[PDB]
Amino acid sequence: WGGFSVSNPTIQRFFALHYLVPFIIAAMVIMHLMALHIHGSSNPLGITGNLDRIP
Amino acid sequence: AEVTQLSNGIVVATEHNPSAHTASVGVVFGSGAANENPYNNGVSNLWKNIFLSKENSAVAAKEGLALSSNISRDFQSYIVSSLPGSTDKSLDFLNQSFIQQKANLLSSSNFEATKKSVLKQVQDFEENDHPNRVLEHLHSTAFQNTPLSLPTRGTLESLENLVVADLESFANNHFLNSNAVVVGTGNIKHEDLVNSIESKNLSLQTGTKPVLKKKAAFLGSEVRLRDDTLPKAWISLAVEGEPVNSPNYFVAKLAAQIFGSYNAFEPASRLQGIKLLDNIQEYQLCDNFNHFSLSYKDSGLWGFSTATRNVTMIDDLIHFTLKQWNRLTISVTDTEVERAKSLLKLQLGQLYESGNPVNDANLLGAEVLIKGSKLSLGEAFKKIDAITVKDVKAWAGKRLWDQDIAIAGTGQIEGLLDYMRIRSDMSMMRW
Ligand code: HEM
């Protein structure tokens, strides 16, 4: 709170945190795409896709 | 150098050469593999090996004669060769064995032994000869459901259904006097040949051949025969080209000479004036390639074939080749056109002026059957010299820019991308 209840220091620190966390989300999305590049995607049949690929 | 055509009922064409030491005399028919149907495919290839069988070759060899035969898509020929003083014996052998009697050659013991030998040849072709069978598969996908798609040797499935009555039915429809030309090459004079034929009264049969109903038509397609146990990849690619009797016949041959042929293991082949060789030798994208321009009576094919051990960079090889084809519409230079003029004249002069009268008999008979005469090499050189850069740019804007293609391939072809990625490289989105 920065105090005794929800008040003026609470709203000012919540806006500054609200600016920052979408940039942390964008860095996790890059780490998410690196792990996907290693193995590729699955397919709706559940079996291997290495026999027929299109770019 | 002069040809002489004469008709008295039979078309007789000669090409006299008093410096040669042999002579060659035969007959060429105007039907090929494109006059068959999918059920008697291979009947022309069986008639060739009947003519070249052992008992027929032994009768010729006691006289001093040798035999040749060739099967193509539009024609077929049967040729006897001899010394220049015995062309009367060679014309007798063509009369007895091939015109009068054919029940001697078509006996049951001779037919079954010949059919066994042909089936083994077609089986060894389909298993071992990878560049030539990819080019055969390129014809069958580009002209599918059309007479220009049938292979010249036949298939194993269609050859085993053939009997003796199938060969006699083909001979009664195509081996006719109005479909034939009698040829003579080497050391033989023209009036000596027409008086030896007129001292008899040769005539095959009166009447005309059947007329097929479907005309040839190009279709953009592909066929893939993947085989991971083979050590290379073999690929052919083409667009629709020019037929015989086209006004752009020599312009299409000059455009293929610009890109030419290549061998990575010959040191002088690496130094040619071809701008495509800069991209290929940087990462060794292939082992060989060659460009072609084929022509038939109704259609043609223009493109290239290649063989590769670099199987992970196949997409770079197709991409660099097709970006050079774009330059024939946009930015082909004047020094590339002058280089292709001299090399096309050297290549045409070596094809028509070899020292083999059997090669000359096949070229002369096939051209008289379509056109009615033969164009001399002196007049062909003057048409090549008159081609300009603007002729090349106008031809390529019609036949190459944003057009459909046909692809065939075998071996380790996993790195070959699909059709629409290759089709989109036929234009630049720059011009
Ligand atoms: C901002 C958030 C996210 C972005 C931009 C994103 C992006 C992507 C993309 C582009 C793919 C590949 C294409 C596809 O399969 O749709 C993918 C796959 C995948 N994602 Fe996400 N994702 C996000 C959130 C999540 C979440 C919240 C989960 C799970 C709790 C998740 C789990 C997965 C999985 C398991 C795959 C693999 C699917 C497969 O291969 O069949 N992702 N993601």
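Criteria and thresholds
- Residues numbered from 1 in each chain as written, not as in the entry; some residues may be left out.
- Chains lettered and ligands numbered in written order.
- Part of a larger assembly, values for the part shown.
- Heavy atoms only, no water.
- Donors = N, O, S within 2.8 Å, 3.2 Å for Na, K, Ca; no water.
- Helix = DSSP H or I, 4+ residues; strand = E, 2+ residues; numbered from the N terminus.
- 1 Å grid on protein atoms, 1.4 Å probe; cavity = no way out; pocket = protein on both sides within 12 Å on 5 of 7 lines; lining within 4 Å.
- Points joined across faces, edges and corners; volume = space filled by probe spheres on them.
- Nonpolar A, V, L, I, M, F, W, Y, C, P; charged D, E, K, R; others polar.
- Patch = residues over 30% accessible without salt bridge, like charges linked within 9 Å, V, L, I, M, F, W, Y side chains within 5 Å.
- Areas by Shrake-Rupley, 256 points an atom, 1.4 Å probe, with all protein chains shown as cover.
- Salt bridge = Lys/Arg side-chain N within 4 Å of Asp/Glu carboxyl O.
- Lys, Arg positive; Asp, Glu negative; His and termini not counted.
- Charge placed at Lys NZ, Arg CZ, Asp CG, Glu CD.
- Buried < 20%, exposed > 50% of the residue type's maximum accessible area, 1.4 Å probe, protein only.
- Pairing = 2+ DSSP bridges.
- Axes fitted to C-alpha atoms, helices over the stretch in contact; angles between N-to-C directions.
- Contact = heavy atoms within 4.5 Å.
- Arc of directions from axis to C-beta.
- Domains from an automatic or database assignment.
- Buried area = accessible area lost by both parts, 1.4 Å probe.
- Near = heavy atom within 4 Å.
- Polar contact = N/O pair within 3.5 Å; in protein donor to acceptor, adjacent residues only side chain to side chain.

- For this deposition, the record names cryo-EM as the technique by which the model was determined and cites 2.35 Å as its resolution.

1. Section: the coordination of the iron atom of the ligand
So, step 1. In this structure, the iron atom of the ligand receives exactly one donor atom from the protein: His32 of chain A (NE2), at 2.7 Å.
So, step 2. Its place among the elements puts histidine 32 of chain A in helix α1 (residues 8-39).

2. Digging into the layout of surface pockets
A water-sized probe rolled over the atoms picks out the places where empty space is left.
So, step 1. The calculated volume of the second largest pocket comes to roughly 410 Å³.
So, step 2. Along the wall of the second largest pocket there are 14 residues; nearest its centre are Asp52 and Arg53 of chain A together with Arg226, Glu414 and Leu416 of chain B.
So, step 3. For the lining of the second largest pocket, the per-class residue count stands at six nonpolar, two polar and six charged.

3. Comments concerning a negative patch on the surface
Residue and element names in this part refer to chain B.
So, step 1. Together, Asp88, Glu191, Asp192 and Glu198 line one region of the surface with negative charge.
So, step 2. Here the negative patch gets three residues from one element, more than from any other, and that element is helix α8 (residues 190-198).
So, step 3. Along the polypeptide, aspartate 192 turns up in helix α8.
So, step 4. On the basis of relative accessibility, which here comes to 51%, the residue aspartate 192 falls in the exposed class.

4. Considering the sheet that holds strand β6 (residues 180-186) of chain B
Residues and elements named next belong to chain B.
So, step 1. Spatially, six strands are ordered β1-β2-β6-β3-β5-β4 in an open sheet, and the strand pairing comes out mixed. Single-partner strands in this sheet number two, and they are β1 (3-7) and β4 (66-71). Sheet twist, expressed as the average angle between the axes of neighbouring strands with direction ignored, equals 15°.
So, step 2. Sitting on the sheet, helix α14 (residues 357-371) touches β1, β2 (11-16), β3 (23-29), β4, β5 (76-82) and β6, and the angle it makes with β6 is about 145°.

5. Let's talk about helix α7 (residues 164-174) of chain B
Residue and element names in this part refer to chain B.
So, step 1. Every buried residue of α7 is accounted for by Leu167, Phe170, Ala171 and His174. Down the axis of α7, the buried side of the element spans an arc of 100°, and every buried residue falls inside it. With respect to the buried face of α7, the exposed residues turned more than 90 degrees away are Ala165 and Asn172.
So, step 2. Looking at the buried residues of α7, the elements they touch are β3, α1 (43-51), β5 and α4 (108-128).

6. Points about the domain arrangement of chain B
All names here are of chain B.
So, step 1. Domain boundaries in chain B define domain 1 (1-202) and domain 2 (208-431).
So, step 2. The centre of domain 1, based on its C-alpha atoms, is set 29 Å off from the matching centre of domain 2.
So, step 3. Taken together, the contacts link 48 residues of domain 1 with 46 residues of domain 2.
So, step 4. Buried area between domain 1 and domain 2, summed over both chains or domains, comes out near 3700 Å², and the portion from carbon and sulfur atoms is 70%.
So, step 5. Of all residues in domain 1, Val134, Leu138 and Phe143 give up the largest surface area on contact with domain 2, accounting jointly for 15% of the area buried on that side.

7. Details of the site of the ligand
All names here are of chain A.
So, step 1. In the vicinity of the ligand, the contacting residues are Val29, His32, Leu36, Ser41 and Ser42.
So, step 2. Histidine 32 is positioned such that a nitrogen or oxygen atom in its side chain is 3.2 Å from a nitrogen atom of the ligand.
So, step 3. The separation between an oxygen atom of the ligand and a polar main-chain atom of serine 42 is 3.2 Å.
So, step 4. Here the shell around the ligand is built from residues that sort into two nonpolar, three polar and no charged.

8. Some remarks on unusual backbone geometry
Residue and element names in this part refer to chain B.
So, step 1. Phi angles above zero are rare outside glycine, and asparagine 145 is one such case at about 60°.
So, step 2. Its location among the elements puts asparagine 145 in the loop between α5 (130-142) and α6 (156-159).
So, step 3. Looking at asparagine 145, the relative accessible area reads 60%, which means it is exposed.
So, step 4. The phi dihedral of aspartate 402 is positive, around 60°, even though this residue is not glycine.
So, step 5. One can find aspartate 402 in the loop between α16 (389-399) and β12 (406-411).

9. As for empty space enclosed by the protein
All names here are of chain B.
So, step 1. Applying the stated rule across the entire model yields one cavity of 30 Å³ or more.
So, step 2. Here the largest cavity is characterised by a volume of approximately 180 Å³.
So, step 3. Looking at the largest cavity, it is lined by 13 residues, and the ones nearest its centre are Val27, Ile99, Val182, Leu202 and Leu204.
So, step 4. Of all the secondary-structure elements, those providing two or more residues to the lining of the largest cavity are α3 (87-100) and β6.
So, step 5. For the lining of the largest cavity, the element with the most residues is α3, which contributes four residues.
So, step 6. Partitioning the lining of the largest cavity into residue classes produces ten nonpolar, three polar and no charged.

10. Brief notes about the environment of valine 181 of chain B
Residue and element names in this part refer to chain B.
So, step 1. The topology assignment puts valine 181 in strand β6.
So, step 2. With relative accessibility at 2%, the residue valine 181 sits in the buried group.
So, step 3. Between the C-alpha atom of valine 181 and that of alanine 13, which follows or precedes it by 168 residues, the distance is 7.2 Å.
So, step 4. With near-sequence residues (within four places) excluded, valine 181 lies in contact with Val11, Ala13, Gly26, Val27, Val28, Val368 and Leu369.

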